[PDB]
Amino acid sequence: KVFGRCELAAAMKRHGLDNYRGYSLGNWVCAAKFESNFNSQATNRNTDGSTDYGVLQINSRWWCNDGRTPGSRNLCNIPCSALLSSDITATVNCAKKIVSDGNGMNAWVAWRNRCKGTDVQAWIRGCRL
């Protein structure tokens, strides 16, 4: 599913992500834009052989099981394919865990490089929330 900016904003809000761990909605939406272009079906393999899945590109090395990442941890207890669904629930639940992890949203390299320190509020502007 390729989400609309405001559509995703609203779903993420409904799923309790706004201000989750201090990160306003705009951050979440900004990261999803740059991680996957709002496409829930997005996948990207990495050099270590792991793969990133979904709108927030959660990694198969620690977070989800994909059957082909040796030494995977499956911290979120789910198969990676669950992260590609049009329903953002599994993505949201897993993201909550990751962000609570210690480095916050720095966990997401596009966030750190492209969102952090910017006027992220631009990302939910005009939306009806």
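The first residue of the shown sequence is 1; numbering continues from there.
- As the entry records it, the average C-alpha temperature factor is higher for 73 to 81, out of 29 to 37 and 73 to 81.
- Between 114 to 122 and 20 to 28, it is 114 to 122 that carries the larger average Cα temperature factor according to the deposited entry.
- When the C-alpha B-factors of 46, 93, 57, 103 are read from the PDB record, the largest value belongs to 46.
- The PDB entry assigns residue 10 a C-alpha temperature factor belonging to the middle third of its chain's modelled residues.
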